[PDB]
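Letter by letter, the chains look like this.
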Amino acid sequence: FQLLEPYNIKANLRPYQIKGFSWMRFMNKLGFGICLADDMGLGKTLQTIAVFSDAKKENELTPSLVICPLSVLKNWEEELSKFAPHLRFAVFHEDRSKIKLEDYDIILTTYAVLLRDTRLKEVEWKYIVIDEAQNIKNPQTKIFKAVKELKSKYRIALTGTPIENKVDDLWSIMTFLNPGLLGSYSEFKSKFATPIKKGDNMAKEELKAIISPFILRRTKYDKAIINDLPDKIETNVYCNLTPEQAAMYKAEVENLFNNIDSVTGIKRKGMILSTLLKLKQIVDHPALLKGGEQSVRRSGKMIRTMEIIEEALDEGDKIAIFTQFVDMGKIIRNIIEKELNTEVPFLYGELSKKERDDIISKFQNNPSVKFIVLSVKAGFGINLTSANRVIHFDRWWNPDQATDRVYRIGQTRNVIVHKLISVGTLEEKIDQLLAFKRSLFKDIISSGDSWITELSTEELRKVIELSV
DNA sequence: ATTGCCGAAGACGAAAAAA
DNA sequence: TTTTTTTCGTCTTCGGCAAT
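Residues numbered from 1 in each chain as written, not as in the entry; some residues may be left out. Chains lettered and ligands numbered in written order. Heavy atoms only, no water. Residues with missing side-chain atoms left out of burial classes, pairs and counts.

Student: Go over the protein's contact with DNA strand B, please, and point to the residues and values.
Tutor: Around DNA strand B, the structure places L70, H93, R96, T110, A112, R116 and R297. Here the atoms of DNA strand B within 4 Å of the protein split so that 100% fall in sugar or phosphate, with bases taking the remainder. The side chain of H93 places a nitrogen or oxygen atom 3.1 Å from a phosphate oxygen of DNA strand B. (Near = heavy atom within 4 Å. Polar contact = N/O pair within 3.5 Å; in protein donor to acceptor, adjacent residues only side chain to side chain.)

The structure is reproduced here in structure tokens:
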């Protein structure tokens, strides 16, 4: 064994990532299928990229395949090009005929697409990374079928949850990594499964022992790492619009550009403001403008928010959701309370200082109260030191750590901050400008969003209009 | 307390229409 | 032939509801 050196990775890997990355490689080189199971938050992706980078210099990368959930496609896209500008990749999703596999180091696909494309089926793959491997639990599924039939020199199954404790899920992921290690799903099931399930120790102990050398996992509270992680970790959660929202969106956009031409001056700014405002609501949830049933299905953000809440809950986290519309504040609280059948305090302006402080007390002190929804604009006294998980539903903060400090966010415990952005909306494109620069793109942008009202009818169109 | 056979719903593509 | 919006269809998990 030996700790490798992050190759041309464009970032500083914390100790545990330098040990998980090199532990992964070491085993791959000794010809084994391993599984990285660290907690989301520990950055499996990056690590998995450090591997790629090194596997590339030793000439063992090109061509490798990554199979992930649609949810996280742009996530790899982004992390790849930022941390490894030097690695060539292709997204295999649409117009997949205009893509020649072999001419790229890496190829990103979807479990979905694997089930409908032979070209993949028949390649000599160096690496094959199954992202969020839970998508394979049931060996009866077709994707399991489709995935085992693939050809690979090296494999890595990435998962968020512990496999060491879900007997049924272990097999597929394990057998994919190293075929045979557990026999047949039938054979396995009646020597470990039913046995372990039926209360057995000599079963687990062994089963564990056979597997353990292929599974590396590190929680966010592991002494080793609690103090190395940044105290505030921020990921961008990509959301898709529901057909309904996209109609409304498209509807409002192609409407401003039917009157914008008519007017100018003061009214041009105002016009673009409300139309901007209506958009920022349509992406949040359609009921904000149409009323009607406040369902999770009507909104893309609500769909992702629920998936997140699910994980976070899986480690008694205390989640805090922010939103610029009081009305959105009520819907979110309503949906969560009903669906999870839990208690959810909601804090916004109007409430009496005595009311506020009553809620913040329920949040940090009642063991059962796991959420809290806030609809306020920073300049008040909110004490959120109990929150380890935070969600920004929409972009409610004045264009930050000086905003998190108004509340006591980093303060007392490591915290993961999810930032929701609707793909193709003005939400993603406006980041493409905040990230565009903060030397020439940061001064007038502090002036609220007024800076957008001056843009230019053609530029405004590229920014607010729905993209593909 | 386990299986197992609907129905139902949701998530994703792809074919099918059509300003 | 194009390009865009709708509808269609497959895979898959899960909530009953009977039945051992």
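Past the structure itself, the notes keep going.
Student: Account for the packing of aromatic side chains, with residues named and values stated.
Tutor: Here the distance between the centres and the angle between the planes together describe a pair of aromatic rings. Evaluation of the coordinates by the stated rule reveals twelve aromatic pairs. Their ring planes at 90 degrees and their centres at 6.0 Å tell us that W396 and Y407 sit as a pair that is edge-to-face. A relative accessible area of 10% means that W396 is categorised as buried. What links up through ring pairs into an aromatic cluster is the set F52, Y127 and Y154. Lying across the ring of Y238, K74 places its NZ or CZ 4.9 Å from the centre. The residue whose ring lies beneath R96 is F92, and the NZ or CZ to ring-centre distance is 5.5 Å. (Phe/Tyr/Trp six-rings, centres within 6.5 Å; stacked < 30°, edge-to-face > 60°. Buried < 20%, exposed > 50% of the residue type's maximum accessible area, 1.4 Å probe, protein only. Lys NZ or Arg CZ within 6 Å of the ring centre and 35° of its normal.)

Student: Tell me about the protein's contact with DNA strand C, and please be specific about residues and values.
Tutor: Taken together, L115, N138, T141, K142, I143 and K250 are the residues near DNA strand C. Near the protein, meaning within 4 Å, the atoms of DNA strand C are sugar or phosphate in a fraction of 100%, with bases accounting for the rest. Interatomic distance of 3.2 Å between a backbone N/O atom of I143 and a phosphate oxygen of DNA strand C. Here the surface near DNA strand C is composed, by residue class, of two nonpolar, two polar and two charged. (Nonpolar A, V, L, I, M, F, W, Y, C, P; charged D, E, K, R; others polar.)

Student: A description of the environment of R333 should follow, citing residues and the corresponding values.
Tutor: Structurally, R333 can be placed in helix 15 (residues 326–341). Sequence separation between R333 and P345 is twelve residues; the distance between their C-alpha atoms is 7.5 Å. Ignoring anything within four residues of it in the chain, the contact list for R333 reads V344, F346 and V373. At 3.3 Å, the side chain of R333 forms a polar contact with the backbone oxygen of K330. (Helix = DSSP H or I, 4+ residues; strand = E, 2+ residues; numbered from the N terminus. Contact = heavy atoms within 4.5 Å.)

Student: Break down the domain arrangement of chain A for me, citing the residues and quoting the values.
Tutor: Often, the extent of an interface is quoted as the loss of accessible area on bringing the components together. One can read the domain layout of chain A as domain 1 (14–219), domain 2 (220–241 + 299–424) and domain 3 (242–298 + 425–468). One C-alpha centre belongs to domain 1, the other to domain 2; they are set 31 Å apart. Roughly 1,400 Å² is buried in total at the junction of domain 1 and domain 2, and carbon and sulfur atoms are behind 53% of that figure. Summed over the three residues of domain 1 that lose the most area to domain 2, namely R14, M40 and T219, the buried surface amounts to 39% of that side. Run the count over domain 1 and domain 2 and you get zero salt bridges. In this assembly, domain 1 and domain 2 are joined by seven residue pairs in polar contact. (Domains from an automatic or database assignment. Buried area = accessible area lost by both parts, 1.4 Å probe. Salt bridge = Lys/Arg side-chain N within 4 Å of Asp/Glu carboxyl O.)

Student: Lay out the sheet that holds strand 10 (residues 346–348) with the relevant residues and their values.
Tutor: The six strands lie next to each other as 8-13-12-9-11-10, forming an open sheet whose pairing is parallel. Single-partner strands in this sheet number two, and they are strand 8 (232–239) and strand 10. Direction aside, neighbouring strands of the sheet carry axes that sit 20 degrees apart on average. Its contacts with the sheet put helix 14 (residues 300–313) on strand 8, strand 9 (319–322), strand 12 (389–392) and strand 13 (415–422), and the angle it makes with strand 8 is roughly 140 degrees. (Pairing = 2+ DSSP bridges. Axes fitted to C-alpha atoms, helices over the stretch in contact; angles between N-to-C directions.)

Student: Mind laying out the nonpolar core, listing which residues take part and the relevant values?
Tutor: Ranked by size, the top nonpolar core spans 77 residues in total, and within it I106 and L207 carry the most contacts. In terms of residues, this core owes the most to one element, helix 7 (residues 167–177), which gives seven residues. Contact partners of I106, with chain neighbours within four places excluded, come to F52, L61, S64, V66, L80, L87, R88, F89 and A90. With 25 residues, the next largest nonpolar core counts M306, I319, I331 and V344 among its residues. (Core = buried A, V, L, I, M, F, W, Y, C linked by side-chain atoms within 4.5 Å.)

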